[PDB]
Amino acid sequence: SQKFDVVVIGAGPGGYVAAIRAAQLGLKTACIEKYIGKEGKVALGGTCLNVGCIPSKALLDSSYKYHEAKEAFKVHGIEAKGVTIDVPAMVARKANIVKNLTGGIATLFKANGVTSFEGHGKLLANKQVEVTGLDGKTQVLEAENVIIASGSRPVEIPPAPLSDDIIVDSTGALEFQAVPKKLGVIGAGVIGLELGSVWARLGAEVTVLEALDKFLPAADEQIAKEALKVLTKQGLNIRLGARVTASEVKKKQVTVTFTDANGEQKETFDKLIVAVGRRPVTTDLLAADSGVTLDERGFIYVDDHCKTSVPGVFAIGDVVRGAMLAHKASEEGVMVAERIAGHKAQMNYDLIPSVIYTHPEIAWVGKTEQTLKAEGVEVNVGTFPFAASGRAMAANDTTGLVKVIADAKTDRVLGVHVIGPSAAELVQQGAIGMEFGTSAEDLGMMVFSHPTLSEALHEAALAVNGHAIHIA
């Protein structure tokens, strides 16, 4: 066709959501997407739905159930005689969910009147977007507003190049039709920890090599310390400050050479996952004179409203600054669709939660204790273990703790941090608190259901100021 109010490039969380919101606001919207899926046709949903968020979660769940049936069922008096996992079958279920969701956002699109275009899209000058279709047929849409949501891709690293299915990335890790007897991960970050956990739960001997001396440096020190202790005890041999120098694939194995503190070591995995990072994709996206700028690291340059250097053009999700997380991309999506339609939506970057779906699950929102100490903030902190949780004890899951940090001067809750059962939900409660300004005492005065895990949020807010009923 020729004219549209919004032309969205990318159909991941930032893009499909932005497209769906602008459509609901009444903008004639078209979205361009080229990912040829898993059954030959284009798949909407991007990284999160295809190779990200939904597949890694589904594997983490099935591997966990497997783990519980083998390690934690006897305390309930449940003896499963010889339980096994069929990794193909597992992976199929994952495939399936992906298939069904992919389909779901297509119907969502049609239901909302979104004109989908299959092909690579590129922003030319004067906001025309050249949709190089799939079959070579090229086309030029004229757009009143352009929303770029091209996304991000794995960092490739020289010492470990993706060689076949031996040195593989996020995606390949999600695809093993069998358990690597020994497995190495380079990067002890969210994706490393999670892909690590999956295969380790099913019998893989995992070593996670990570170049930095600090485990999880964005999580709170206390949660970090706790996380690491738990995960190593869970089976992941995490080696900090180990720098990879070389790979050598040979006889269906690869040998990583690395220097940690006592120099060079070499270890031989059957599979090696490079989970070092992700980088914005700006590949054939911008014509030489589009007007759009990039910063030094490859991110498209945007302000706080995701407006680019050219008016009418906005950039969101993993190609622009911010935390590379699904819900940041969709909310930017919405901020941007909302603004195009005329509402002055603002996006609160201080409250994006972070969750790591390990079991126990790490999650957090707000500032970390150390940020606050380095910022010279005197804070009161309350903690509450899941071990004093009656609900946790019925549940037989008592690892972890909640931690609330509050300004010592005002009693404003500054950050809520938890590792343990339902961390995501418990921090979400704190985020809702925080969004409206809770103090520890405000959280304290509320009625939390008994028995529930939410109560550990309760007790630790109480604890910020001395009065936790069930501890001191």
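Heads up: residue numbers just count along the shown sequence, starting at 1.
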message: Can you tell me whether 406 to 414 has a higher mean C-alpha B factor than 47 to 55 in this record, or the other way round?
response: 406 to 414
- request: Please work out which of 213 to 221 and 262 to 270 has the higher mean CA B-factor as recorded in the PDB entry.
  value: 262 to 270
field: Candidate residues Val336, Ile97, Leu325, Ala387, the one whose C-alpha B factor the record puts highest
entry: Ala387
message: Checking the record values for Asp289, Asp397, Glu194, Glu332, which has the greatest CA B factor?
response: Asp289
- request: Check where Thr245 lands among this chain's C-alpha B-factors and tell me if it's the lowest, middle or highest third.
  value: highest
For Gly444, the third of its chain into which the C-alpha B factor falls: middle
task: Determine, from the deposited record, the chain-internal third of the Cα B-factor for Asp61: lowest, middle or highest.
output: lowest
- request: Report the third (lowest, middle or highest) to which the CA temperature factor of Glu435 belongs, ranking only the modelled residues of the same chain.
  value: middle
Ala472 - which third its CA temperature factor falls in, relative to the rest of the chain: highest
